[PDB]
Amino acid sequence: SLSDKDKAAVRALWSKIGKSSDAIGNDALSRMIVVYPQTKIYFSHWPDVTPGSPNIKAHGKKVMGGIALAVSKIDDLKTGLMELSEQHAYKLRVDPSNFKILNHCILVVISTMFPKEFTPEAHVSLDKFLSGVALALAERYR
């Protein structure tokens, strides 16, 4: 669970990096499909699945929009991400293993873009936060 320390750390980090959410999302998903090509099966319905493509950029905004929502609803992720959970559970059926993959990619992107802001303290809290997000998204799964 997230402590008051974790919550302040995530809110503070987001305060600094939030302005670059679009870029973060684009970069994160682009890494995901390149480094973990198996994740592409979920986008088989797109005209193509390529790094930095219009589809990836749009999807980047969607995911980071979800993360922004999670930061605002950080006190209760399960309730806060209810709609997203239902979506991913019944319509998309995204194996939770992919949430871990994407979370790792998001951490990598933030480190490349904000090396000074992404301290070990910020890292541990954000990691705990993203795990909480992944679990909240899995709420309606089984």
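Start at 1 and count along the sequence shown; that's the residue number. Superpose the two forms; the largest set of C-alphas matching within 1.5 Å is the rigid core.
Participant: After fitting on the rigid core, which stretch moves more in 6 other deposited structures of this protein, 77-85 or 46-54, going by C-alpha RMS?
Facilitator: Comparing 77-85 with 46-54, the larger C-alpha deviation in 6 other deposited structures of this protein belongs to 46-54.
Participant: Quick one: higher average CA temperature factor, 92-100 or 78-86?
Facilitator: Result: 78-86.
Participant: Test of understanding: from the entry's C-alpha B-factors, which stretch has the higher mean, 27-35 or 49-57?
Facilitator: The deposited B-factors put 49-57 ahead on the C-alpha mean.
Participant: Which third, lowest, middle or highest, does the C-alpha temperature factor of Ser15 belong to within its own chain?
Facilitator: It belongs to the middle third of the chain when residues are ordered by C-alpha B-factor.
Participant: Determine, from the deposited record, the chain-internal third of the Cα B-factor for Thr119: lowest, middle or highest.
Facilitator: Middle third.
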